[PDB]
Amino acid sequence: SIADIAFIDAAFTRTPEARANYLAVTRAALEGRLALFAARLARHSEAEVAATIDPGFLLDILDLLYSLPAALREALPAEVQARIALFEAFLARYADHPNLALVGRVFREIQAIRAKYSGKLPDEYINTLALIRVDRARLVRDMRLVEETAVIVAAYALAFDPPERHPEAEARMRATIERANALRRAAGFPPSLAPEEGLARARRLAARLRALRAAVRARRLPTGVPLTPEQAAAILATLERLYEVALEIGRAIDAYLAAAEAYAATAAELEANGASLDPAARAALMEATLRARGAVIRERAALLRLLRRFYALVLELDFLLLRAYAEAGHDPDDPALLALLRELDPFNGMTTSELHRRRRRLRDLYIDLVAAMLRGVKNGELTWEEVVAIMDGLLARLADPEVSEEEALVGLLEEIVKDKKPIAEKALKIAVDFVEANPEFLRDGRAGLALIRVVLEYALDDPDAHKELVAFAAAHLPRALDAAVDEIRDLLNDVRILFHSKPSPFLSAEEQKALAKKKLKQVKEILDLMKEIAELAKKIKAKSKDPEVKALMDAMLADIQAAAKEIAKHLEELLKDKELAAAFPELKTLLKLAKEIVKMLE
């Protein structure tokens, strides 16, 4: 986030202008985060919120809260203070909820620190202990991601490296897991992965990757399916790309563990000695601790960009295998190909990490949709020249870490259903099924809204035939709109932050103004989706003869009027800052479009 770049800036440049920028950014980010929480607490029951709300969202609020000096926090306006009290009451109540357990432990540790040390020791020493508790909740989650990623690093090493270098790759793997369990114990947790459980998973995967390469070398897949010379070459190129990214990731993991160990050492020293030091030596040890913390943030961000690249290459390899089965006359949905693709799943059996559980599921959706599009080529419904134009789009949209994987896959649906081709029906079925089975998909608003538009444009032709699709659309639109209004608040608040923010050696002004224009574009795209959906629900309501269909269409038009009003309110509050409004005139075009949506429905 922007708050991380500003924090890095402040902890390394050490200027009054840098801390100033960081404190303003951290305050603005926090105000935005607390507004989203209050909106989410208002839309449902505390029990529903507690079971569905992203834990990381609550960790982000604790992080920003104790990144302020206590003085700045207790000085925040009353509605921010009201939101902080609402937030704290909610965490106190649901600290034991399975969904919130990690955040709950963090909240109880901070409550305990305040009970023990308040008033006796300096408040910004206490804030530093509070941040340390939050960051140790982040190190548990990061240690999950690192334990999983070490299995991929070791697998690609064992599989493609000469057998002489295999012990070394095993030593590294063991060292990594051991370093991770050591870190876990420092923060006060038990060890999660066993150095053998993991080496076992890595050896299995290495066997499969070795097999695939040996077979492709021989113009076939391990299932026996023959390959063309060109496709074999592409598979072998993709495998060498995966091997390369796996080396970069091994290095990034070592960088992350080094930073993490530095932060854990300096923090343990602050907790051990800080109370007894003199003010100057204590201020020096807090400075040291914040600089190590900045290193951890930088090295984590590096590893995650490389992981997004690895994922995109994983999906490209999956495409190549599905295409080969289709050129050989088989159906790309053959149980044998699916078995192969599951054996080559780099995110299997390590079900400890939010990022990889989410990506494993989306991979299944992607395989199912690509299969649909291929079975569609065989039926003459699509051309290979069409498929190869869609796939080049999708794989680039996926490599970019600025596009959500969910919005990328929804684009794949958009391409397949556009021509209202007969394969469209099966594609929608896969998608509608996935969303019912995996309701978290609708945390991404732009994605969800785009799916609803697909379903309605599909059902526009004959509304009454496809009445299940129209019901799915009506049932899921409120959640999609909630997530969309949330995204527009995030995007607009970030725009205001990037305007008042100060050019940094990590954010050029040209990068800040460019990023601002990109976010304002995303806001326009979401308002455009909202309009399109209303146009479609109106047409559906006219054409249709059924009366409860018409009821649902009015329900949807009502939820959309609410959403657009609630969005115009926020745009207006941002237009009160006339310097901002000056710098970005798009903000005015956006409010016009939002109000045109409030009239189309009046």
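We number the residues from 1 along the sequence you see.
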property: Average Cα temperature factor in the PDB entry - higher stretch of 502-510, 287-295; result: 502-510
property: Between 400-408 and 492-500 (mean CA B-factor, as deposited), the higher; result: 400-408
property: Identity of residue with top Cα B-factor, from 176, 99, 223, 379; result: 379
property: Which of 60, 54, 31, 535 ranks first by CA B-factor in the deposited coordinates; result: 535
property: Residue 347 - Cα temperature factor, lowest/middle/highest third of chain; result: highest
property: Entry-reported Cα temperature factor of residue 168, expressed as the chain third it lands in; result: highest
property: Relative C-alpha B-factor of residue 45, binned into the chain's lowest, middle or highest third; result: middle
property: Ranked C-alpha temperature factor of residue 392 among modelled chain residues, by third; result: highest
property: Third of chain Cα B-factors occupied by residue 383; result: highest
